[PDB]
A.B. asks: 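The structure that follows is given in the form of structure tokens.
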Amino acid sequence: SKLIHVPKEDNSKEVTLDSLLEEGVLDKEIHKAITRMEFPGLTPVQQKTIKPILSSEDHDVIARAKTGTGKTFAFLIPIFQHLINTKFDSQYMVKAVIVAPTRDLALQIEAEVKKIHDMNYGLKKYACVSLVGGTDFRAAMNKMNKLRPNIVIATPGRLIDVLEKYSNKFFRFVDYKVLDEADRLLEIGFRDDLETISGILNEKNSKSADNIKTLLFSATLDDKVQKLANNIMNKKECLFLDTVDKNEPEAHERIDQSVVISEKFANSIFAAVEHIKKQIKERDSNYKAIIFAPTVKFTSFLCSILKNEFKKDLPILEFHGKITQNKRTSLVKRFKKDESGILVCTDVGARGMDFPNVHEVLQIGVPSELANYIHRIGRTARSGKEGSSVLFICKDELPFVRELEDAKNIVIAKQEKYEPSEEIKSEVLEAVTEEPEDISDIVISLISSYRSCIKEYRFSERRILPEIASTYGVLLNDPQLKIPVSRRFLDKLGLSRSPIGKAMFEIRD
RNA sequence: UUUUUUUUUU
Ligand SMILES: Nc1ncnc2c1ncn2[C@@H]1O[C@H](COP(=O)(O)OP(=O)(O)O)[C@@H](O)[C@H]1O
Ligand code: BEF
Ligand SMILES: [Mg+2]
């Protein structure tokens, strides 16, 4: 299908809510709702995308805009307008399906729809229901029946669950599907699900298999996403609306980025603790930060350390996929409103989540995918605010920083070295209450995660894997100690005849 | 000795 590039333009006429109203693109009722939010104007992505999404042309839309620049309302606004435009047709049916890669992001988008409802009660008739995992299925279906929503927000697993059973009842008149964080939803592990979703919606559609228009939004996408999306894009033409230059880096330029390089992976823990200590002192505890970590087990561990160091100074919140969904939702609600605190999380929190006035994003180790560097640091410097980011890595992780330059054109100007004092090591290690078996579980989780990104980040396996494994000895304060394991375990992992494996593990069976 | 998420509260 034909990709029509509309690149970033410098001197184009400003689009406003009033101008869209006067032109007849927006109804008074949606104009009202957004106006009462009292935004200075519409963000570039909003100015660029609202009219084309609503256009009577037979096209799909792809939109790139940097983190925190209003992509959500960029699709919610025209969606509401479409509901108003067709308000007498199929009024009890879902007309827009919005898909997101995490439950908390889907629930956030639902909360944004609710903000529109609250700014004009006249829009409550265009109801919305979220379909996400970890919530009561029956209770959600009762809500579908009671409210008969025109907008569904969902995560892929639960949506498929619902579609396999109820696609005929609610989903035969869908006109739009939106993939928020589209590049993530088209990666392995989501792509098959999005193709299943798209296939069901297209099959069940009462007009035709090509009726549904598809909108793709992300801070990170290019021409290659069209290929990946080929099986789910129905229309003969695709409009690519870009608010970023082709050779311009996708990272938000307002973010003051730095990297702190240690000799050992474990030393990044001490570096982060000292950094947070300094920030709490210098900002007089007026400090709101997010710290990312590679695995669930390590995130949980890092949270324990940070509570011991800092719970007296600030709240420490633990956020990952093994936290119950009720608790995930309450901590998201709290961190959105809190002035200060530290959110400790996995990449569950890397994309989309809008926590106002985060001062700093910290990272211990590398993200789960290259693009997530940009999304992680984009949790700060949102909606015109300032922000900083610090990447804490060890020397053997440096090829990641080179790949950011080579692949994504991101050059981190501020780079410095770190070496922990014996004092900070003793302070941090003494409060660790984990048993050796727990430390083994934690470090093994790191070995497995780092192993899966060796090719992507161009790591040297022979250096990175022993370095990660050596974290076990460092945390037990005995550098020559190796991780005790069984031969069957080493066989499973695939390192039983390797010198790399012998440097990491001791076969204490 | 589940590597980030993602139905299985249908
Ligand atoms: N026109 C606007 N002017 C100022 N702030 C806005 C505008 N539209 C949305 N916002 C705010 O910007 C923040 C980030 O929006 P979001 O849609 O999450 O960004 P993105 O999805 O592009 O990362 C939200 O708090 C939202 O209320
Ligand atoms: F690009 Be955003 F932080 F959803
Ligand atoms: Mg977003």
Side-chain angles (χ1 to χ4, degrees), chain A residues 99-107 130-144 154-167 169 179-181 183-194 196-197 200 292-300 319-326 328 345-353 363 365-373 375-376 435-454 456 465 468-469 472 483-487 489-491 493-495 504-505 507-508:
Chain A
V99 185
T102 70
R103 301 164 179 179
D104 325 280
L105 181 54
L107 293 171
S130 57
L131 304 173
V132 302
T135 58
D136 184 73
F137 184 100
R138 183 170 58 84
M141 189 51 53
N142 290 343
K143 214 167 164 279
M144 292 287 295
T155 44
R158 180 57 71 84
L159 184 54
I160 290 162
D161 191 359
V162 167
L163 287 177
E164 288 179 344
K165 304 179 182 64
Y166 295 111
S167 57
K169 185 162 180 181
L179 280 70
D180 195 14
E181 306 300 341
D183 61 312
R184 183 70 187 90
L185 290 174
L186 297 167
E187 289 177 17
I188 305 303
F190 279 131
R191 190 181 167 188
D192 288 349
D193 289 343
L194 268 296
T196 300
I197 288 158
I200 291 169
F292 288 96
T295 68
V296 169
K297 281 182 179 63
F298 188 77
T299 297
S300 195
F319 181 39
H320 54 68
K322 297 304 191 297
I323 297 301
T324 68
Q325 191 54 45
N326 284 349
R328 279 169 61 172
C345 61
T346 58
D347 277 355
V348 74
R351 280 176 182 255
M353 298 309 301
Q363 301 182 55
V366 295
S368 46
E369 67 193 61
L370 189 62
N372 269 5
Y373 179 79
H375 293 279
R376 280 182 171 189
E435 281 168 280
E437 293 90 333
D438 300 323
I439 301 297
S440 173
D441 286 354
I442 293 156
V443 174
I444 289 175
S445 80
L446 296 168
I447 295 171
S448 300
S449 73
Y450 271 84
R451 207 186 192 200
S452 71
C453 63
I454 276 169
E456 180 182 357
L465 291 188
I468 297 305
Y472 176 85
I483 301 170
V485 299
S486 79
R487 179 59 193 273
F489 179 79
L490 209 57
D491 273 14
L493 271 58
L495 291 164
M504 295 162 75
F505 299 107
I507 298 184
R508 177 163 278 205

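In the text below, chain A, chain B and the rest are named by the order of the sequence lines, each starting its count at 1. Note that these values count all heavy atoms, side chains included, but never hydrogens, waters or copies made by symmetry.
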A.B. asks: Charged N to carboxylate O below 4.0 Å: is that the case for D438(A) and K297(A)?
C.D. replies: no

A.B. asks: Output the rounded distance in Å from CD1 (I197(A)) to P (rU6(B)).
C.D. replies: 13 Å

A.B. asks: Are the six-membered base rings of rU6(B) and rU7(B) less than 5.5 Å apart at their centres, with planes tilted under 30 degrees?
C.D. replies: no

A.B. asks: Measuring to OP1 and OP2 of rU4(B), would you say a side-chain N or O of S452(A) lies under 4.0 angstrom away?
C.D. replies: no

A.B. asks: Checking contacts here: which listed nucleotide (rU4(B), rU6(B), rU10(B)) is nearest the side-chain heavy atoms of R328(A)?
C.D. replies: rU6(B)

A.B. asks: Side-chain N or O of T155(A) versus OP1/OP2 of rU5(B): is the shortest distance under 4.0 Å?
C.D. replies: no

A.B. asks: Side chain of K297(A) only, please: which of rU7(B), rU5(B), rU1(B) is the nearest?
C.D. replies: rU1(B)

A.B. asks: Determine the contact category for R351(A): base if any of its heavy atoms lies under 4.0 Å from a base atom, sugar-phosphate if only primed atoms, P, OP1 or OP2 are that close, otherwise nothing.
C.D. replies: nothing

A.B. asks: Indicate yes or no: at least one non-hydrogen side-chain atom of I197(A) is less than 4.5 angstrom from one of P156(A).
C.D. replies: yes

A.B. asks: Whole Å only: how far is the CD1 atom of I447(A) from the P atom of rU4(B)?
C.D. replies: 14 Å

A.B. asks: Assign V296(A) to base, sugar-phosphate, or nothing according to its heavy-atom contacts below 4.0 angstrom with the strands shown.
C.D. replies: sugar-phosphate

A.B. asks: How would you list, by chain and number, every residue that makes a salt bridge (charged side-chain N to carboxylate O under 4.0 Å, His left out) with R328(A), sequence neighbours excluded?
C.D. replies: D104(A)

A.B. asks: Name all residues meeting the side chain to side chain contact (heavy atoms under 4.5 Å, CB included) criterion together with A106(A); count only those two or more places apart in sequence or in a different chain, and write none if there are none.
C.D. replies: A100(A), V132(A), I153(A), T155(A)

A.B. asks: Write down the distance between NZ (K322(A)) and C1' (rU6(B)), rounded to a whole number of angstrom.
C.D. replies: 11 Å

A.B. asks: Between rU6(B), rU10(B), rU1(B), which one does the side chain of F137(A) approach most closely?
C.D. replies: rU10(B)

A.B. asks: In whole Å, what is the span from the CD atom of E456(A) to the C1' atom of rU3(B)?
C.D. replies: 13 Å

A.B. asks: Using heavy-atom distances to pick each residue's nearest nucleotide on RNA chain B, tell me which of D136(A) and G189(A) is more 5'.
C.D. replies: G189(A)

A.B. asks: The side chain of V485(A) is closest to which nucleotide in this list: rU3(B), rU6(B), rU1(B)?
C.D. replies: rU1(B)

A.B. asks: Rounded to whole Å, how long is the line connecting atom OH of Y166(A) with atom P of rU10(B)?
C.D. replies: 11 Å

A.B. asks: Hey, does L493(A) have a side-chain heavy atom less than 4.5 Å from the side chain of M504(A)?
C.D. replies: no

A.B. asks: Regarding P367(A), tell me which of base, sugar-phosphate or nothing describes its non-hydrogen contacts under 4.0 Å with the strands shown.
C.D. replies: nothing

A.B. asks: Given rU10(B), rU1(B), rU6(B), identify the nucleotide with an atom nearest to the side chain of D441(A).
C.D. replies: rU1(B)

A.B. asks: Both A100(A) and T135(A) contact RNA chain B. Which one's nearest nucleotide lies toward the 5' end?
C.D. replies: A100(A)

A.B. asks: Side chain of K165(A): nearest nucleotide among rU6(B), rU5(B), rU10(B)?
C.D. replies: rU10(B)

A.B. asks: Side chain of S368(A): nearest nucleotide among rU6(B), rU4(B), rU3(B)?
C.D. replies: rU4(B)

A.B. asks: Rounded to whole Å, please give me the gap between CG in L493(A) and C1' in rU1(B).
C.D. replies: 8 Å

A.B. asks: Heavy atoms under 4.0 Å, any strand shown: does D161(A) hit a base, just sugar-phosphate, or nothing?
C.D. replies: base

A.B. asks: For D161(A), does its backbone N or O pair with a side-chain atom of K165(A) as donor and acceptor, under 3.5 Å?
C.D. replies: yes

A.B. asks: Side chain of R158(A): nearest nucleotide among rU5(B), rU9(B), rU3(B)?
C.D. replies: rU9(B)

A.B. asks: For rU3(B), does OP1 or OP2 lie under 4.0 Å from any side-chain N or O of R451(A)?
C.D. replies: no

A.B. asks: Measure from CG on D104(A) to P on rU4(B) and round the result to the nearest Å.
C.D. replies: 15 Å

A.B. asks: Quick one, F190(A) and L179(A) - any side-chain contact, counting heavy atoms below 4.5 Å?
C.D. replies: no

A.B. asks: Between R138(A) and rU7(B), does any side-chain N or O lie under 4.0 Å from OP1 or OP2?
C.D. replies: no

A.B. asks: Using whole Å, report how far CD1 of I188(A) lies from P of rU4(B).
C.D. replies: 18 Å

A.B. asks: Could you please name the option among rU5(B), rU4(B), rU1(B) that lies closest to any side-chain atom of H320(A)?
C.D. replies: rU5(B)

